[PDB]
Amino acid sequence: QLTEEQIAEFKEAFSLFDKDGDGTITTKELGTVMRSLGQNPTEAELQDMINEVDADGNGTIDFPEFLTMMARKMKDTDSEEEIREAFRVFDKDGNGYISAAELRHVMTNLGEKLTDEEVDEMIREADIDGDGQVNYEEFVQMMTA
Amino acid sequence: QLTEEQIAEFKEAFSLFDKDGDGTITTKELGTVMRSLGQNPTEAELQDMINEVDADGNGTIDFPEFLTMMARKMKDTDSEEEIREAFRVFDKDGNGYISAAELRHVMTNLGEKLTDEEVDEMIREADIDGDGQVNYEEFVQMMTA
Amino acid sequence: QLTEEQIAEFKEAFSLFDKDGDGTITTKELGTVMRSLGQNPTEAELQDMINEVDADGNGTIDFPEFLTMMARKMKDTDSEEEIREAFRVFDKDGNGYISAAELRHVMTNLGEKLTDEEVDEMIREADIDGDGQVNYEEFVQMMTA
Amino acid sequence: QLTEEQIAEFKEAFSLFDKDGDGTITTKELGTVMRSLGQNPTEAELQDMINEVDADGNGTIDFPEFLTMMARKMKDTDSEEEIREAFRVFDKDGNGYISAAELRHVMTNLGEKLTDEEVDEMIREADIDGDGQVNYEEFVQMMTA
Amino acid sequence: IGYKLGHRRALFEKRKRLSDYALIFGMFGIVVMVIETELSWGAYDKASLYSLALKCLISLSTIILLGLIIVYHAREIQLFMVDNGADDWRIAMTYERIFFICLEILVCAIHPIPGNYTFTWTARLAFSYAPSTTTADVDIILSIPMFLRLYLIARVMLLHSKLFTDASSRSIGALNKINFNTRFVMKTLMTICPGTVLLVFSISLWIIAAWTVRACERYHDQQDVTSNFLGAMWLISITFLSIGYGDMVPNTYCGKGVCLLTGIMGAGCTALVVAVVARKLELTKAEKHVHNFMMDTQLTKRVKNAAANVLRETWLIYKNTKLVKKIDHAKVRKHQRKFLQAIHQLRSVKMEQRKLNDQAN
Amino acid sequence: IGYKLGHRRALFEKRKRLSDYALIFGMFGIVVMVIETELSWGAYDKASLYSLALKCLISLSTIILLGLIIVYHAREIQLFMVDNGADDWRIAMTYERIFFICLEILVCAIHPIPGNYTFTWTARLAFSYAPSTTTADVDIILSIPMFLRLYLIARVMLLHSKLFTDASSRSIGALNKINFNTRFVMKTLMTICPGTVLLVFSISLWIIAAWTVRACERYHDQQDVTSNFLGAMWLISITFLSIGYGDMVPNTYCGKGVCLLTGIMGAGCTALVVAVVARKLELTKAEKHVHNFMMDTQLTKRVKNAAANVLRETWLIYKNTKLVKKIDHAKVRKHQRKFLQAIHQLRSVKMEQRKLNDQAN
Amino acid sequence: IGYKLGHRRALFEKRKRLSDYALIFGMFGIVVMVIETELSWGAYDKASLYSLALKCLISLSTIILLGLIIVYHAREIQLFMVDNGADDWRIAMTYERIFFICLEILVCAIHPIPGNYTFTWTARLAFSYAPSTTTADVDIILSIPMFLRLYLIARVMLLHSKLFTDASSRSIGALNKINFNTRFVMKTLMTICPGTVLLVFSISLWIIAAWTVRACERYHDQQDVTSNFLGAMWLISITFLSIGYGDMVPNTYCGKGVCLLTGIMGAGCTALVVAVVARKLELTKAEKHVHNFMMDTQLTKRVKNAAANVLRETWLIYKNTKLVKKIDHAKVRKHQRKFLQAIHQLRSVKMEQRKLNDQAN
Amino acid sequence: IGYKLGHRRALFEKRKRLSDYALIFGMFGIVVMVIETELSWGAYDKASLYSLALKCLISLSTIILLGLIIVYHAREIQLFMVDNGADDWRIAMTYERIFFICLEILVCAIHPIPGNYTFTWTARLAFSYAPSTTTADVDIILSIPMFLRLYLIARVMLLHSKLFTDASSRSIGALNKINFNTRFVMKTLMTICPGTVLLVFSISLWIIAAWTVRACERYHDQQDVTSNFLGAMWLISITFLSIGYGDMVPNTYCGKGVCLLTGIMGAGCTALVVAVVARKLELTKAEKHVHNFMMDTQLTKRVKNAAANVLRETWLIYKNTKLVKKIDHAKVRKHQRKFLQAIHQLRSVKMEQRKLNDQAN
Ligand SMILES: O=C1Nc2c(ccc(Cl)c2Cl)/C1=N\O
Ligand SMILES: [Ca+2]
Ligand SMILES: [Ca+2]
Ligand SMILES: [Ca+2]
Ligand SMILES: [Ca+2]
Ligand SMILES: [Ca+2]
Ligand SMILES: [Ca+2]
Ligand SMILES: [Ca+2]
Ligand SMILES: [Ca+2]
Ligand SMILES: [K+]
Ligand SMILES: [K+]
């Protein structure tokens, strides 16, 4: 269990983003920090980063949500974030879904060239395929569960 | 007592800021000098610098006022200016006052931890007026007088 | 004859320009590539480059047109392109023609001067149409057949 | 006299400013060259530079006017130009005339500290017209030619 | 939650403690090796019991050090399992982790084993090209590689760093995808405190290299030249600086190798130090602004003086040419020369002003 | 068309194969020369039949190499005819192509011819200035220039390059009028992998130059100094680094020339390597942003602490001056000294913060 | 205000005068030490009355110098009280100030005391490794560290600086919060006059180091090698430049230490001087503009010439191909070769023009 | 007018011709001095008549050279009178013109006068510290400073320059107040052709300094070490490069001074040459654009491959964990290791991509 010193350190790290003191991180604060880091983002990207981690749905990052995401960020690398990145590599359109034809092309041509039967089994086992549009939910559920 | 040569040296130093022969330093001339010195002061900051030196409130720095401030500026360091700077460190907003709670927080948490009884005595003695917000005049009078 | 590997290499070179899958290089993909290459071509220059390569007059380069162009671009140097460049050196203001007086001045004054016998004999041999102003067609027809 | 080769050299030097086919250097064909040379002159400065050389008016420099000014520019350093520069050092107003008080100040205070009688004699001799505002013509005429 | 993060923190603390203990035992072994090497040449022989006691102490330290390294790597693998959501430790072994663990054990296992083993050593003397045969103890070949144990210092430096273990730093670096490894910490130190890092590295290299030079050279040196500690320090300093060798040339290939390594290190460290000094002799931006302001003031004053002299001489030339019944040509010539000098001064000061206005922006 | 491109590709493949064979035969000749030079000093004499066999093998390799060079240049001229629309091969010959072909044949034609030819060699010994006369075989003068055959490595490197042969690279490089020659490929390699290029070049030069020094010096060296391979390696390393000769001065002008060439190469290679290291010790832009952020955070904390100390000492001075019944001068003096220290700390930390905000732009 | 500024100015003048007197007496002591060191080796013995007279004169100068330093520090403390509004001098007495005053007194108190004291000095000769025992006077150990008194030059340089004393400079630097100390003045001098500063420093170091080398080396040198002043000058010059000792290796550790200090100083001073020269060989911005303009003119002319040659050769090829009844193939081939050359010239000159337009931005 | 600007050109031509003749006669004198110095050591004695003939020829050349220098300066003063509107030549004399004219006459007046004058020369041999006394001719002291006449080369270089005399260049430089002097032409040459300038300077210095070393060292060298021309060439090369001296240390202070001057010149010339090479190994801006484009293409392909591998291993872990009756756990562990490897590859290639996008602008 965390001690008082560890909670203080994490609260200080939170204060690096929670400048106003509201007890929550808004989109503007994250944008200011990121632009101070020379990574000028868009409103869409800032909203996407604020989401995907705010479990309470308030639209702003809390302290427990910050602790939950720091549980992953303190590691040298994370699996879920990198699987999402690999998914977004081939989701150039941005629709959030991968067509069966594009996925088959990628798996048969780009990487280690899976056999056609293996690709057929994979695309069939993709439950979030929705009759063709494989979503990011299937990719996460394949490895996480 | 000042000699003719010293008076001439101070007069030419004054001329470095007194472009026109008006015999006084306005705000625009100080702004031009400071911008030549690689700064971008605001109108509020320039007005503040013109203040604190203006003995007679003509709105502009005279020659005797310049000599009076040069008396302080020829030293390696000045106590009053640095006390004002330390005051402005903890004065986050533009108000000339700091709340008693803020001063107690500052003096008990950050820096050399002052005793709570000592902090109470200091907040009582500094607040010469009944108001619980400590002004810059009280801090200056603490050390100057 | 080209093998499958050669066709694949040329196809990926073509794809380096054909961002959109239009099957043909539009006239804006060339601009985007050139600007990525640290250039700022004009609309007139872009149109001039996108022409001279398309034989179907569609205004867009196909794959066979790209192959024909690469047949010349893969060489260390091209004679026709350099003759066109030498022509454009003396074709000020993009006239497309050089007056007989200007051409005689060029060939007699600057560079290795010709004898006055061959001067204006060159013009008599050129200008098949008899207009009197030498066009880029005559210069190409000299070296070629 | 001048050989035809020397005339050709001066003609090509003239052509460095006279890009157009005419025989006059305008106010803009000089601005283009001076901006290529890393300067940003104004219309007033360009007009003054033209007027300092432009004989017979016309508002433009001819070829003989170019030869006349090159007779001065070819040597290592000139005298009239530097006297004009020294005059313009003290003519900060730009009116072209220096007040007698200003001349007395700049000749007694800074420099080699002329005697008062010498300054009086100089200011009397310079003020040929008796106006009391010494012009650039008087300074040039003092050194004769 | 509040358990996984605390578990990672506890694992990191255990790793840090194991690193500290490994460094302590490695340095203890190196220090006892240095003491025994110094004392067996003099006080006691290699067949003495003091030699046996000190070498047995070295071997015990080495056993404890190997155990500490193995337990440290076990804690690494356990933390790897915790991080990369793994339940089998065999996922950690990747033909590179195994190789580096084996290299670390091999490096930390070399030490002078107890016993009395000797070998024949033949070297050609410097500047005289005469042979030298001695019967040397094997322990020198096993003592010198013990200095390779100093990578544990780098390990401790990484594990005690604030950047590596701090929620604020990791949270900020996750936004830029910064890789928090030993290279990053080393580069950060070379950016913050370059002179101090280079000074510490150079002094430690100097002492270590001089000692190992004399330890190798004492076998074939009977003239107190390169086996002298102070002479070895001078030799290392002048090969580091690439001045050369004096009469101080190693008789052994161990000494030559150490001198070559010192020269290679010096060729880069000297240039880095000079870059640091050049940067530290440069004015700050505010100091640059102030200096340019004051220089421009002086230039304006000097321009005014030059123009005044020009006008003065222009007046006096006329006053002594005309306005005088008897024209003294000598004085007129003097004033014409002074007029030309004033013109040249005005030109030069104006071009200085132009240069300063160019560097002012 | 689908025929011109195929014809050019076939010609490219033929040229590439010819270059590969020429490199193979040149390296075979160099290797057999090294073996024969090493073995004729020891195992067999120059009048034996092993020497004849190895030198005849060298000569056959040289004949095949010259044939391969000539056929390669014929293919080059044929491809020139294909490219520049020419029908007569005589257009290719331009008094410079002929000169370079002749130079290439001259370089590749030098080899130790079979036979037993000797000459008289006189050299002055180093540090003793004593003469030395030996009867040396002519084969050394013909063996050493065989190392000039290493330009074939550059030819193969150009012909195997992706930039030179790829269609995409040519298509994009034609937009900027890039000249795809050996210089461009070498500059690209020095931009991508500078440390690897410099390391490979330095190691190969080290071994080749050390062997050349040994081969030249073994004739006048009867003391095992510069004819020692390991000593020659050390000599090359310390002249490369400009530390200097030890007692290792060459007795021959061949050795002195090799050492001078090594010193000239080192004077530039060392500086290039140091520039590479300095660049590699520099923080990335993202790492710079993160570091500036963290340092600014620490600076803010220290500013707050300094200001707190300033206010604390001001209050303590006031209390012990005008609030205590009897003033303790020692205490008041101590607090005034601490107040001055706090003021200095505040000034210094604020100027550090100002400097950091300056470099943060 | 008139009195307040006048008091500080008077204190500045008194402090400046005290610095001048301290420098005068320190330099007098150093000069008499050099004279006595030179003359006691030759003219008179250490038991002469000339030696006693000169050393008593040295001791009196040292006493006056110590008094002057103490009074200078009293004036410093008084000025500190005036500035930082203090009434007790004991506020100024921090540990740093006391330590620096004590260090200054210790440095300025070392001198050869009157008397005849000798000690035994043993050194190993260079290149021969032979011992040398001499009975040396103690006065050399006390004379050499007298050169440490040259910090008074830096003190005088700071106190005579216009930046430190001018009112205009102080007023301007208060806006940027510039710290006017010795470091700022030194950096300003290294900015305006780097070559002069480096030249003065190098010449003074050269003479001082050569003299101290010969003063140390004369005890164990009976062959006029390193005790020769001109030879010592050469030795210092070649260790400064890192060429290395010739046959000029010092026999003493004092000489070796001086040579090491010279080499360390040279390693940085040489690089700084080279940077200065490289900057001074660079064109001014206006000169750059003029040069680019003229080069662009020449490139335009060459482009026109190349294009004219291209067109001429095209015409000649066409004429001799399809206009003459007797087709002379040699002429056509020559003109085709010239056409290809003209094409290459046009390409190269346009590449040069493109590069120049790139650097012209 | 046509009279002026043509009179000035005629004066320019006369002055240029006088410079050419002065250079011709100075070089003739230097060449005859070199021939006589070489031949009097061997073929004929100093009391011969060939020596007298050659030295009288030298003296006649020197008289003509002095006359040419004086007439050149008369033409300079006449051109000065023409330019600065002067009628009296006495305005031109400013103690600086007089000093430099006297310096030129003094420099060009030194030559070996006819006669047979000898002096006693004593030097200490290198590495042996043995004295050497010879009776040397005075002519060497008068021959060596004849190399100071090479400033006439700089004069001719300025006067034949295009920038100095071209009308277009002067008209353009008048708009930037460019000072057209020898410094400007030298800086322009160091900007256009730095490698060629440095190469010519280094080769000429090499030969001149090696010959000077030989001429000074031949008097005290009876062992063919430093009086050997090829050995002197090697010595100059290794002091230029700061490798050091071998056994090649001058016995004379003339040789030591020449070696010191060579080392000082080399310390700067080497750094300048290395800067030139570093600049010439850098890609052009267009080449940089092309290279960044191609590298970005390759990194995009690698990113796609890495992401495909990540997805493939994510699928295979699931297929071999679930969707199977029996789990081997060995293939599953292998696929989990490959999944982690693919994740690391994707992270690293994305880091490279973002670094390249950073350097792309
Ligand atoms: O340094 C300063 N010079 C100033 C200041 C403020 C006002 C004026 Cl007029 C002058 Cl000249 C200054 N700071 O308060
Ligand atoms: Ca908030
Ligand atoms: Ca929330
Ligand atoms: Ca004013
Ligand atoms: Ca006022
Ligand atoms: Ca398209
Ligand atoms: Ca088409
Ligand atoms: Ca015009
Ligand atoms: Ca006109
Ligand atoms: K050296
Ligand atoms: K060196």
Side-chain angles (χ1 to χ4, degrees), chain C residues 16 33-41 49 73-77 82, chain F residues 154 157-158 161-166 168-194 197-198 268 271-272 275-276 279, chain G residues 282-283 288-289 291-296 298-300 302-303 306 343-361, chain H residues 190-196 273-298 355-361:
Chain C
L16 283 197
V33 172
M34 278 212 267
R35 286 181 283 271
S36 302
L37 283 179
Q39 294 185 21
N40 198 51
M49 286 183 69
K73 292 276 168 313
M74 293 273 310
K75 298 187 285 187
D76 291 331
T77 191
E82 287 300 317
Chain F
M157 167 201 95
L158 166 69
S161 164
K162 273 70 64 180
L163 270 171
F164 178 72
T165 68
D166 195 69
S168 305
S169 76
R170 292 301 192 101
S171 67
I172 291 89
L175 289 173
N176 278 321
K177 268 80 72 176
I178 302 301
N179 208 14
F180 287 100
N181 48 6
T182 309
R183 275 87 63 86
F184 178 66
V185 176
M186 282 208 258
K187 290 164 69 174
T188 297
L189 272 178
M190 273 298 305
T191 290
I192 304 178
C193 296
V197 163
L198 286 164
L272 261 61
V276 169
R279 269 195 318 254
Chain G
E282 189 182 3
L283 281 170
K288 267 182 213 310
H289 283 309
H291 185 241
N292 295 359
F293 196 98
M294 297 315 298
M295 288 274 120
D296 195 11
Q298 298 158 31
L299 274 296
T300 292
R302 288 175 41 204
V303 165
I343 294 292
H344 283 323
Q345 288 170 16
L346 178 66
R347 280 188 56 99
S348 69
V349 71
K350 292 187 78 66
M351 285 180 182
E352 295 178 24
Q353 218 172 18
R354 200 176 306 112
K355 290 188 225 299
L356 188 152
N357 293 353
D358 279 8
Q359 286 99 25
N361 289 319
Chain H
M190 275 299 305
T191 290
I192 303 176
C193 301
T196 306
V273 161
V274 169
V276 169
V277 170
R279 270 196 317 254
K280 289 174 76 174
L281 276 177
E282 189 182 3
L283 284 168
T284 310
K285 195 198 208 269
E287 293 173 348
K288 270 182 208 312
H289 283 310
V290 168
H291 185 240
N292 296 359
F293 195 97
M294 295 315 298
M295 290 284 275
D296 197 9
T297 294
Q298 297 154 28
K355 290 176 185 178
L356 192 139
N357 293 351
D358 281 15
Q359 286 98 24
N361 53 3

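Quick note on labels: first sequence line is chain A, next is B, and so on, each numbered from 1. As a basis for the values below, the full set of heavy atoms in this structure was taken, side chains included, without hydrogen atoms, waters or symmetry mates.
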Review point. Can you check whether F/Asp166's main-chain N or O pairs, donor with acceptor, with F/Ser169's side chain at less than 3.5 Å?
Key: yes

**Study point:** Interatomic spacing from NE2 in H/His289 to CG in F/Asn176 - rounded to 0.5 Å
**Key:** 7.0 Å

Check your understanding: G/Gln359 and H/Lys285: side-chain contact (heavy atoms from CB on, under 4.5 Å), yes or no, with the steps?
Key -> CA-CA 9 Å; G/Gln359 286 99 25; H/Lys285 195 198 208 269; over 6 Å; no

Practice item. Over all heavy atoms of both residues, which pair between F/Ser168 and C/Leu16 is shortest? Give the atoms and the distance, please. Key: CB-CD1, 3.6 Å

Review point. Going through the checks in order, is the side-chain contact (heavy atoms from CB on, under 4.5 Å) test met by C/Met49 and C/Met34?
Key: CA-CA 11 Å; C/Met49 286 183 69; C/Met34 278 212 267; 3.5 Å; yes

Point to revise | Working for side-chain contact (heavy atoms from CB on, under 4.5 Å), residues F/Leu272 and H/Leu281 | key: CA-CA 10 Å; F/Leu272 261 61; H/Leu281 276 177; 3.7 Å; yes

**Study point:** Point-to-point distance, once rounded to the nearest 0.5 Å, from CG of G/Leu299 to NZ of G/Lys350
**Key:** 10.5 Å

Review point. For the residue pair F/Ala271 and H/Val274, what are the closest heavy atoms and their distance?
Key: CB-CG1, 3.4 Å

Practice item. Could you tell me the separation between the CE atom of H/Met294 and the OG1 atom of F/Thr188, rounded to the nearest 0.5 Å? Key: 11.0 Å

Exercise for review: Kindly determine whether G/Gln353 and G/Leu356 satisfy side-chain contact (heavy atoms from CB on, under 4.5 Å), including the steps that lead there.
Suggested key: CA-CA 5 Å; G/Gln353 218 172 18; G/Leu356 188 152; 5.8 Å; no

Review point. To the nearest 0.5 Å, what is the distance between CZ (G/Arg302) and CE (G/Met295)?
Key: 9.0 Å

Study note, to complete from the structure: To the nearest 0.5 Å, atom OG of G/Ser348 lies from atom CD1 of G/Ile343 at 11.0 Å

Review point. Do F/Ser161 side-chain atoms and F/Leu158 backbone N/O form a donor-acceptor pair below 3.5 Å?
Key: no

Practice item. Take atom NZ of F/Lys177 as the centre, draw a 6.0 Å sphere, and report whether it contains more than 12 heavy atoms from other residues, nucleotides or ligands. Key: yes

Check your understanding: Does the side chain of C/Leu37 reach to within under 4.5 Å of the side chain of F/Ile172, using non-hydrogen atoms?
Key -> yes

Check your understanding: Can you tell me how far the CE atom of F/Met190 sits from the CG atom of H/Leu283, to the nearest 0.5 Å?
Key -> 10.5 Å

Review point. What are the two closest non-hydrogen atoms of H/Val276 and H/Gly195, and how far apart are they?
Key: CG1-N, 4.2 Å

Check your understanding: Of the non-hydrogen atoms in H/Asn361 and H/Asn357, which two are nearest, and what is the gap between them?
Key -> OD1-O, 3.3 Å

**Study point:** Heavy-atom pair with the smallest gap, counting every atom of F/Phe184 and F/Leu163
**Key:** CE2-CD1, 3.6 Å

Review point. Judged by modelled atom types alone, do F/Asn179 and H/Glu287 share a side-chain donor-acceptor pair under 3.5 Å?
Key: no

Point to revise | Any F/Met186 side-chain heavy atom under 4.5 Å of F/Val197 side chain | key: no

Point to revise | Heavy-atom check, side chain of G/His291 versus side chain of H/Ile192, under 4.5 Å | key: yes

Practice item. State, yes or no, whether a side-chain contact exists between G/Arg354 and H/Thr284 at a heavy-atom distance under 4.5 Å. Key: no

